[PDB]
Structures are given as C-alpha cells and as structure tokens.
>>> print(open('query_5.txt').read())   # compact mmCIF, C-alpha atoms and all ligand atoms
# COMPACT_ATOMS: atom_id res chain seq x y z
CA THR A 22 0.81 -23.28 16.52
CA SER A 23 2.60 -25.71 14.21
CA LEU A 24 5.95 -24.16 15.20
CA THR A 25 8.22 -25.97 17.64
CA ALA A 26 9.71 -24.53 20.83
CA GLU A 27 13.24 -23.79 19.62
CA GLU A 28 12.12 -21.71 16.64
CA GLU A 29 9.70 -19.83 18.89
CA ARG A 30 12.64 -19.08 21.20
CA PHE A 31 14.54 -17.90 18.12
CA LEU A 32 11.71 -15.72 16.80
CA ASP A 33 10.92 -13.99 20.09
CA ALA A 34 14.52 -12.80 20.38
CA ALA A 35 14.65 -11.90 16.67
CA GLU A 36 11.48 -9.81 16.96
CA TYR A 37 12.56 -8.16 20.22
CA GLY A 38 16.08 -7.62 18.88
CA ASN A 39 18.15 -9.64 21.36
CA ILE A 40 21.32 -10.09 19.31
CA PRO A 41 23.17 -12.74 21.39
CA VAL A 42 20.23 -15.14 21.74
CA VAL A 43 19.58 -15.14 17.99
CA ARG A 44 23.30 -15.44 17.23
CA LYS A 45 23.66 -18.43 19.56
CA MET A 46 20.48 -20.00 18.16
CA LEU A 47 21.46 -19.86 14.48
CA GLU A 48 25.13 -20.81 15.06
CA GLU A 49 25.70 -24.51 14.24
CA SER A 50 22.23 -25.75 15.22
CA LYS A 51 21.23 -28.77 13.15
CA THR A 52 17.51 -27.89 13.15
CA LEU A 53 15.98 -24.36 13.26
CA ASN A 54 15.62 -23.60 9.56
CA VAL A 55 15.73 -19.81 9.25
CA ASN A 56 12.72 -19.78 6.89
CA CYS A 57 10.34 -20.65 9.76
CA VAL A 58 7.03 -18.90 10.42
CA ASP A 59 5.35 -17.11 13.35
CA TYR A 60 1.97 -16.41 14.94
CA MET A 61 1.04 -13.71 12.41
CA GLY A 62 2.50 -15.67 9.49
CA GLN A 63 5.61 -13.48 9.50
CA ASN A 64 9.29 -14.46 9.27
CA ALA A 65 12.43 -13.96 11.35
CA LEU A 66 13.80 -11.48 8.80
CA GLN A 67 10.52 -9.56 8.51
CA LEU A 68 10.13 -9.34 12.29
CA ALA A 69 13.72 -8.10 12.52
CA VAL A 70 13.23 -5.43 9.84
CA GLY A 71 9.79 -4.31 11.07
CA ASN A 72 11.40 -2.87 14.20
CA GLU A 73 14.72 -1.39 13.14
CA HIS A 74 17.51 -3.82 14.09
CA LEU A 75 20.48 -3.67 11.72
CA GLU A 76 22.45 -6.25 13.71
CA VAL A 77 19.71 -8.90 13.77
CA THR A 78 18.90 -8.32 10.09
CA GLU A 79 22.58 -8.60 9.14
CA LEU A 80 23.14 -11.82 11.08
CA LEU A 81 19.99 -13.27 9.52
CA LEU A 82 21.24 -12.19 6.08
CA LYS A 83 24.46 -14.12 6.73
CA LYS A 84 22.45 -17.30 6.11
CA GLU A 85 22.56 -18.42 2.48
CA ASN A 86 19.00 -19.73 2.06
CA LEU A 87 16.66 -17.13 3.56
CA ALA A 88 13.08 -16.70 2.36
CA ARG A 89 11.09 -13.51 1.71
CA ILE A 90 14.05 -11.18 1.21
CA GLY A 91 12.20 -8.94 -1.23
CA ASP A 92 9.36 -8.46 1.25
CA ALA A 93 11.94 -7.38 3.84
CA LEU A 94 13.37 -4.90 1.33
CA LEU A 95 9.93 -3.46 0.59
CA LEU A 96 9.22 -3.21 4.33
CA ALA A 97 12.51 -1.39 4.92
CA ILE A 98 11.82 0.96 2.01
CA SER A 99 8.31 1.64 3.31
CA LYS A 100 10.06 2.98 6.43
CA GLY A 101 13.13 5.16 6.80
CA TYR A 102 15.59 2.37 7.67
CA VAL A 103 18.29 3.26 5.15
CA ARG A 104 20.93 1.06 6.79
CA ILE A 105 18.73 -2.04 6.56
CA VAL A 106 18.11 -1.21 2.90
CA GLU A 107 21.86 -0.98 2.27
CA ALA A 108 22.37 -4.31 4.04
CA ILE A 109 19.65 -6.09 2.06
CA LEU A 110 20.94 -4.63 -1.22
CA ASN A 111 24.43 -5.90 -0.35
CA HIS A 112 22.95 -9.41 -0.21
CA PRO A 113 24.40 -11.67 -2.95
CA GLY A 114 20.87 -12.55 -4.03
CA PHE A 115 20.33 -9.02 -5.34
CA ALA A 116 23.81 -8.46 -6.78
CA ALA A 117 24.00 -11.06 -9.55
CA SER A 118 20.29 -11.02 -10.46
CA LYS A 119 17.73 -8.83 -12.20
CA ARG A 120 15.40 -9.19 -9.19
CA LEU A 121 15.89 -5.63 -7.92
CA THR A 122 14.81 -3.83 -11.10
CA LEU A 123 11.82 -5.78 -12.41
CA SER A 124 8.49 -5.93 -10.59
CA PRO A 125 7.41 -8.94 -8.48
CA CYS A 126 4.49 -9.55 -10.85
CA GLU A 127 6.59 -10.23 -13.97
CA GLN A 128 10.15 -10.75 -12.68
CA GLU A 129 10.47 -14.49 -13.33
CA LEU A 130 8.52 -17.73 -13.01
CA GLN A 131 8.16 -16.57 -9.37
CA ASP A 132 8.13 -20.08 -7.91
CA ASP A 133 10.48 -18.75 -5.23
CA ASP A 134 8.89 -16.67 -2.45
CA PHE A 135 11.19 -13.72 -3.07
CA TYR A 136 8.62 -10.94 -2.57
CA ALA A 137 5.97 -13.03 -0.82
CA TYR A 138 3.90 -11.80 2.12
CA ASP A 139 2.06 -13.94 4.64
CA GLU A 140 0.58 -16.65 2.43
CA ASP A 141 -1.72 -15.35 -0.29
CA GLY A 142 -0.13 -12.31 -1.94
CA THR A 143 2.54 -9.64 -1.82
CA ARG A 144 2.65 -6.93 0.85
CA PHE A 145 1.89 -4.18 -1.68
CA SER A 146 0.42 -4.30 -5.17
CA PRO A 147 2.26 -6.86 -7.34
CA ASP A 148 3.09 -4.05 -9.79
CA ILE A 149 4.99 -1.92 -7.27
CA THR A 150 8.78 -2.27 -7.38
CA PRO A 151 11.27 -1.22 -4.68
CA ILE A 152 12.10 1.97 -6.61
CA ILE A 153 8.43 2.76 -7.32
CA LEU A 154 7.68 2.27 -3.62
CA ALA A 155 10.62 4.47 -2.61
CA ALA A 156 9.31 7.20 -4.91
CA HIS A 157 5.80 6.77 -3.46
CA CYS A 158 7.11 7.16 0.10
CA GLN A 159 9.38 10.09 -0.93
CA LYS A 160 12.51 8.61 0.66
CA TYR A 161 15.32 10.60 -0.95
CA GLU A 162 18.16 8.46 0.43
CA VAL A 163 16.50 5.20 -0.61
CA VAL A 164 15.69 6.59 -4.06
CA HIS A 165 19.32 7.61 -4.57
CA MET A 166 20.54 4.20 -3.37
CA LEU A 167 18.23 2.33 -5.74
CA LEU A 168 19.19 4.64 -8.60
CA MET A 169 22.86 3.83 -8.01
CA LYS A 170 22.08 0.15 -8.62
CA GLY A 171 20.44 1.03 -11.95
CA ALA A 172 16.85 0.61 -10.74
CA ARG A 173 14.79 3.21 -12.61
CA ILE A 174 11.03 3.53 -13.00
CA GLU A 175 10.13 2.43 -16.52
CA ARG A 176 7.85 5.00 -18.13
CA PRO A 177 4.53 3.30 -18.97
CA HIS A 178 3.60 2.87 -22.61
CA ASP A 179 1.21 5.25 -24.34
CA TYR A 180 -2.46 4.64 -23.57
CA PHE A 181 -3.18 3.66 -27.18
CA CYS A 182 -0.14 1.38 -27.53
CA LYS A 183 -0.89 -1.82 -29.44
CA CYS A 184 2.33 -3.75 -28.74
CA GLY A 185 1.98 -7.43 -27.91
CA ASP A 186 2.91 -6.97 -24.25
CA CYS A 187 0.36 -4.22 -23.58
CA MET A 188 -2.33 -6.15 -25.46
CA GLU A 189 -1.59 -9.29 -23.44
CA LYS A 190 -1.78 -7.36 -20.17
CA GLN A 191 -5.02 -5.77 -21.40
CA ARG A 192 -6.73 -9.09 -22.21
CA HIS A 193 -6.68 -10.33 -18.60
CA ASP A 194 -6.94 -7.92 -15.64
CA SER A 195 -7.37 -4.67 -17.54
CA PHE A 196 -8.20 -3.05 -14.19
CA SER A 197 -4.89 -4.24 -12.76
CA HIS A 198 -3.13 -2.91 -15.86
CA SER A 199 -4.64 0.55 -15.39
CA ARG A 200 -3.79 0.44 -11.67
CA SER A 201 -0.18 -0.44 -12.49
CA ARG A 202 0.01 2.46 -14.94
CA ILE A 203 -1.27 4.81 -12.23
CA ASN A 204 1.29 3.45 -9.77
CA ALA A 205 4.12 3.98 -12.26
CA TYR A 206 2.98 7.55 -12.86
CA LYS A 207 2.61 8.24 -9.13
CA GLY A 208 6.19 7.07 -8.77
CA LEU A 209 7.41 9.22 -11.67
CA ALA A 210 5.53 12.30 -10.44
CA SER A 211 7.14 12.09 -7.00
CA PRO A 212 9.36 15.05 -6.04
CA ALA A 213 12.02 12.62 -4.81
CA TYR A 214 12.28 10.75 -8.10
CA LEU A 215 11.79 13.97 -10.08
CA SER A 216 14.74 15.67 -8.39
CA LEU A 217 17.10 12.68 -8.20
CA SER A 218 16.14 11.07 -11.53
CA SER A 219 17.74 13.11 -14.30
CA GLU A 220 19.54 16.31 -15.19
CA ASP A 221 17.33 19.37 -15.69
CA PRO A 222 14.39 18.09 -13.59
CA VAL A 223 12.26 21.22 -14.11
CA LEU A 224 11.77 20.38 -17.80
CA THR A 225 11.11 16.75 -16.87
CA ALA A 226 8.45 17.87 -14.39
CA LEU A 227 6.80 20.23 -16.89
CA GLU A 228 6.63 17.54 -19.59
CA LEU A 229 5.31 14.96 -17.12
CA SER A 230 2.68 17.46 -15.97
CA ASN A 231 1.47 17.87 -19.55
CA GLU A 232 1.49 14.10 -20.13
CA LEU A 233 -0.51 13.44 -16.97
CA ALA A 234 -3.05 16.13 -17.89
CA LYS A 235 -3.56 14.57 -21.33
CA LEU A 236 -3.97 11.13 -19.74
CA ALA A 237 -6.47 12.60 -17.27
CA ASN A 238 -8.51 13.79 -20.24
CA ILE A 239 -8.16 10.39 -21.95
CA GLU A 240 -8.89 7.99 -19.07
CA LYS A 241 -11.87 9.82 -17.48
CA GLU A 242 -12.28 7.15 -14.79
CA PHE A 243 -9.11 7.92 -12.83
CA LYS A 244 -9.23 11.59 -13.85
CA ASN A 245 -8.79 12.74 -10.25
CA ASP A 246 -5.69 10.59 -9.74
CA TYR A 247 -3.97 11.95 -12.85
CA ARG A 248 -4.99 15.51 -11.96
CA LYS A 249 -3.47 15.07 -8.49
CA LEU A 250 -0.24 13.84 -10.09
CA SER A 251 -0.22 16.76 -12.53
CA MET A 252 -0.69 19.14 -9.60
CA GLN A 253 2.25 17.42 -7.88
CA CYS A 254 4.45 18.12 -10.91
CA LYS A 255 3.29 21.74 -11.12
CA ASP A 256 3.97 22.22 -7.41
CA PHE A 257 7.46 20.76 -7.78
CA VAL A 258 8.25 23.17 -10.62
CA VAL A 259 6.94 26.15 -8.65
CA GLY A 260 8.86 25.04 -5.56
CA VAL A 261 12.12 24.78 -7.48
CA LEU A 262 11.46 28.25 -8.90
CA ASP A 263 10.74 29.66 -5.44
CA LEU A 264 14.17 28.78 -4.00
CA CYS A 265 16.04 31.10 -6.38
CA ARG A 266 17.81 33.92 -4.55
CA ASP A 267 20.04 35.30 -7.33
CA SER A 268 19.18 36.76 -10.70
CA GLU A 269 21.40 34.19 -12.43
CA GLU A 270 19.43 31.29 -10.93
CA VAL A 271 16.11 32.92 -11.85
CA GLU A 272 17.36 33.37 -15.42
CA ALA A 273 18.59 29.77 -15.51
CA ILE A 274 15.21 28.40 -14.46
CA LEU A 275 13.18 30.75 -16.67
CA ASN A 276 15.12 29.64 -19.76
CA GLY A 277 17.26 26.56 -20.24
CA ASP A 278 20.84 26.28 -21.35
CA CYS B 187 -40.27 -4.84 24.41
CA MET B 188 -43.62 -3.66 25.79
CA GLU B 189 -42.39 -4.12 29.36
CA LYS B 190 -39.21 -2.16 28.63
CA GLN B 191 -41.34 0.50 26.93
CA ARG B 192 -43.69 0.98 29.90
CA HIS B 193 -40.94 2.20 32.25
CA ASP B 194 -37.93 4.18 30.97
CA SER B 195 -38.88 4.43 27.31
CA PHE B 196 -36.02 6.91 26.93
CA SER B 197 -33.57 4.35 28.31
CA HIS B 198 -35.03 1.76 25.92
CA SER B 199 -34.43 4.01 22.92
CA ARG B 200 -30.93 4.81 24.18
CA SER B 201 -30.16 1.09 24.51
CA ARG B 202 -31.39 0.49 20.96
CA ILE B 203 -29.08 3.25 19.71
CA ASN B 204 -26.16 1.75 21.64
CA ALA B 205 -26.81 -1.69 20.14
CA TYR B 206 -26.92 -0.19 16.65
CA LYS B 207 -23.76 1.85 17.24
CA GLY B 208 -22.09 -1.41 18.23
CA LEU B 209 -23.41 -3.26 15.18
CA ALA B 210 -22.45 -0.44 12.80
CA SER B 211 -18.84 -0.46 14.01
CA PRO B 212 -16.22 -1.40 11.39
CA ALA B 213 -14.57 -3.73 13.92
CA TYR B 214 -17.72 -5.73 14.58
CA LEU B 215 -18.79 -5.47 10.93
CA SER B 216 -15.54 -7.01 9.70
CA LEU B 217 -15.07 -9.63 12.42
CA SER B 218 -18.74 -10.52 12.92
CA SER B 219 -19.81 -12.67 9.98
CA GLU B 220 -18.89 -13.98 6.55
CA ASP B 221 -19.54 -11.60 3.65
CA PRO B 222 -19.47 -8.39 5.73
CA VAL B 223 -20.08 -6.08 2.75
CA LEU B 224 -23.65 -7.38 2.37
CA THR B 225 -24.12 -7.15 6.14
CA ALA B 226 -22.97 -3.53 6.07
CA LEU B 227 -25.24 -2.64 3.13
CA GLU B 228 -28.30 -4.19 4.79
CA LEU B 229 -27.50 -2.52 8.11
CA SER B 230 -27.10 0.82 6.31
CA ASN B 231 -30.58 0.45 4.83
CA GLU B 232 -32.05 -0.60 8.19
CA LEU B 233 -30.48 2.38 9.98
CA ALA B 234 -31.74 4.79 7.31
CA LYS B 235 -35.29 3.45 7.69
CA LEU B 236 -35.04 3.78 11.47
CA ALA B 237 -33.73 7.33 11.06
CA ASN B 238 -36.88 8.12 9.10
CA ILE B 239 -39.05 6.38 11.72
CA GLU B 240 -37.59 7.75 14.97
CA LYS B 241 -37.14 11.43 13.96
CA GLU B 242 -35.76 12.38 17.39
CA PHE B 243 -32.43 10.56 17.10
CA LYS B 244 -32.38 11.00 13.31
CA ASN B 245 -28.84 12.37 13.37
CA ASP B 246 -27.52 9.40 15.37
CA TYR B 247 -29.00 6.86 12.96
CA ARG B 248 -27.79 8.87 9.96
CA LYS B 249 -24.26 8.90 11.41
CA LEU B 250 -24.43 5.12 11.84
CA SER B 251 -25.72 4.67 8.28
CA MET B 252 -22.84 6.82 7.03
CA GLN B 253 -20.47 4.60 9.02
CA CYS B 254 -21.83 1.53 7.23
CA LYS B 255 -21.60 3.21 3.82
CA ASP B 256 -18.01 4.28 4.54
CA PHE B 257 -17.09 0.74 5.56
CA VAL B 258 -18.49 -0.66 2.32
CA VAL B 259 -16.65 1.94 0.23
CA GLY B 260 -13.44 1.32 2.17
CA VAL B 261 -13.61 -2.42 1.57
CA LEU B 262 -14.21 -1.72 -2.13
CA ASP B 263 -11.25 0.67 -2.27
CA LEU B 264 -8.67 -1.93 -1.20
CA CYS B 265 -9.21 -4.11 -4.29
CA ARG B 266 -6.09 -4.31 -6.46
CA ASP B 267 -7.04 -7.17 -8.81
CA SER B 268 -9.92 -7.53 -11.24
CA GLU B 269 -11.02 -10.75 -9.52
CA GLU B 270 -11.43 -8.98 -6.17
CA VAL B 271 -13.33 -6.10 -7.79
CA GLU B 272 -15.63 -8.62 -9.47
CA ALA B 273 -16.09 -10.49 -6.18
CA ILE B 274 -17.13 -7.34 -4.32
CA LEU B 275 -19.33 -6.00 -7.14
CA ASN B 276 -21.33 -9.24 -7.23
CA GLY B 277 -21.54 -11.97 -4.62
CA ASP B 278 -20.89 -15.66 -4.95
ZN ZN C 301 3.00 -1.19 -25.12
ZN ZN C 302 -39.56 -7.19 20.88
>>> encode(input="query_5.txt", output="structure tokens")
Amino acid sequence: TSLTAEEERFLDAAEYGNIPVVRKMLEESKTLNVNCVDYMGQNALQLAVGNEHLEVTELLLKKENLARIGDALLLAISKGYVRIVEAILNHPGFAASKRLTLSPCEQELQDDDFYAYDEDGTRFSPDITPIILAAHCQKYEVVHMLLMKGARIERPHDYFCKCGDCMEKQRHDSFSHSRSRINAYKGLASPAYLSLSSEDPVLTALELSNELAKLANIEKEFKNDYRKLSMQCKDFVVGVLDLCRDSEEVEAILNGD
Amino acid sequence: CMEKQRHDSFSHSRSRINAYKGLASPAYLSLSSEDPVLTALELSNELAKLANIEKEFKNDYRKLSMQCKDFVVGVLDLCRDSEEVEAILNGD
C-alpha cells in the first residue's frame, strides 16, 4: 500500500465513523491531504458516506479542497441518506456552479475528479445525473430536494432529430447515446419524478406513456425497455385514479380543469 | 483414470461433476484467468458435450452449462460504452 501510516489511521476512523479521531487528525496537521486513497481505491469522504455518518461527512466537507464530491453525492442519492445529501448540496462547490444540473459526461472539460470513481470511470453510467439517479431509485425526498435547486431531467430530443448536438453524439458511441436516452426516459417515467415534477401529473404520465410506446415501436432493439417504462406510466395513472374516495376527485381525474 | 475407474466408478463420476461445478462457478470463472468470457463459452460447450455423453447426470451438466451461459450474458449486460460492447463482441 502506497499510503502512509497517518492517513491510514485517518481513514480507518473515517470509515468506522469515529468522530473525535478524524477531527483531531484533520485539525492543523501539516501533512494528511484529505484527498488520499485507501485499500479499495476509495476516499475518506466516500467511506464516510457509504456507511451513514453525517458528522464525519460534514467535518470532511469543511475542508476546502476535497476530491470526488460528486461521487459522494451519487452514493448518498443511491441510498436513503437524505441528511448527507442536504449537507453535500450545501457545499459551496455546488452552490455557485452548474455542476449539479448537467451530467458528468458533458458538464465541463472534466479535468477535475468531481464525479470520479476508483480510477477508470464513474460509479454509474456517465450519462446519469444526480436527479436522474434519484428518479431511478424512487427517492421522493431526494427528488424534491434536487428539484428545489432547479435540477430537472431534460427531456431527450426526438429520435429523428438532426440538430448538431444529437448528430455529434450519434457519430461516436451511438450505443452510448441510445443508452443515455433510455436512462433519461427511465428517470422521467419514475413515479417519484412524475408526481413531484409538474402540476397535473396524470396528463404528464399519459402523454409520456404514449411517447414511450411510439419510441418502442420506432427503436425495436430496446422495445422491451420502452414498453416497461410505458407500463410504469400507465400504472402510475391507474394508481392515482384508484386513490379517489369522493365523487369530486373522480370527476377531477376523469376530466381536467 | 483407469485406476480410479476400477474401484468406485460412481465416486469418480461424482468427483468429475464436483470439479466441473467448481470450474463453472462465476467466482472462479471471473477470478481464474484473463479473458473469462472466452473461458466461459468454451466451458459451456464442453459441459454440453459431456451432458450428451454421460446421460445419467445430464441435468447436472446442463445446469452447469446454463451457469456458464448466464455468466457470459451477465458480463455482456454490464457494458455501458460502445468500446466495451465491441471488446466483448470480438476479442483482441
Ligand atoms: Zn437533437
Ligand atoms: Zn486421465
């Protein structure tokens, strides 16, 4: 292990959540850069977030230069740790930047290891955003939090779009482009994002069901994926209809305003 | 093999099945050698041929062949770039 002894002493306590040892270690030590690594290639912050420890994650976030913050956010969103998500969103790195909204694949030059995982690639697909991942996992609290910050799933372009961006993404890694479209639609078709996304979500779900059925007929390779998403939308609509227990609510769902 | 066949031929066949159930395991398949998808494909074919040959433990060998096929398909499923799909679909 290339790591030295002091940073190992730091990381063991950070992983196992011993608040005072980590606090004493990172307070005024000349060495012990917080961006150090571990046996599995992980980080102090990622080991702290992997096993829910709001205190350790907060005291690590106090440090100005901390690496792999976006990976920690995606790991917290993957789980139900809403407090850790709030803490990481309160970080000044997210506040004054566009990093939260746009995907890790196309956010910036990406020289910084903002969303990086161990060494080679991101934890999840490079197309998945924090909000798309929250919709995938169906975390209602996290979806609402990310929607408050203005992070919304961008509806993918039409299949036959010929804009310069879609053509450029089609030239290289057309498979990855199709996979990213499917991820965006699986995020949009999530009951969490459907309910918390917009006013009148039953009409949104019906229209998205129709759109996904048409794209299932068009693609014909990922037909089963799009049909599953269309069934998700149909089930959401039927579930919203089922909860009605007055005639006024039934009338409101059966015909709009 | 002849000596092991003379006494306890049943135990010999059982030991062969145990060795193949160890080889066809996703753990040993992944951690055993470089390029494990080709290893799993070849082992799937070998286990299918031995299922046709034995005919007493046909179901055991068919289960192991299905294990190998499932491992190959699972490794293929995880691809999320076109380069990885191309690498799995054709070797080096
Ligand atoms: Zn376009
Ligand atoms: Zn022999």
>>> interface_residues(input="query_5.txt", of="chain B", to="chain A", cutoff="10 Å", atoms="only C-alpha atoms", output="MDAnalysis selection string")
chainID B and resid 265:269 271
>>> closest_residue(input="query_5.txt", among="A:277, A:212, A:185, A:260", to="ligand ZN 301 (chain C)", atoms="all atoms listed in the file")
A:185
>>> residues_near_point(input="query_5.txt", point="(15.2, 16.1, -5.7)", cutoff="6 Å", atoms="all atoms listed in the file", output="number ranges by chain")
A: 212-213, 215-217
>>> residues_around(input="query_5.txt", residues="residue 249 in chain B", least_positions_apart="6", cutoff="12 Å", atoms="all atoms listed in the file", output="list in words")
residues 203, 206, 207, 210, 211, 230, 233, 234, 236, 237, 243, 255 and 256 of chain B
>>> residues_near_ligand(input="query_5.txt", ligand="ligand ZN 301 (chain C)", cutoff="8 Å", atoms="all atoms listed in the file", output="ChimeraX atom specification")
/A:177-179,182-188
>>> atom_distance(input="query_5.txt", atom1="CA of residue 37 in chain A", atom2="CA of residue 65 in chain A")
10.6 Å
>>> residues_around(input="query_5.txt", residues="range 242-249 of chain A", least_positions_apart="5", cutoff="8 Å", atoms="all atoms listed in the file", output="list in words")
residues 203, 233, 234, 236 and 237 of chain A
>>> atom_distance(input="query_5.txt", atom1="CA of residue 275 in chain A", atom2="CA of residue 263 in chain A")
11.5 Å
>>> residues_around(input="query_5.txt", residues="residue 89 in chain A", least_positions_apart="3", cutoff="7 Å", atoms="all atoms listed in the file", output="PyMOL selection string")
chain A and resi 92-93+134-137
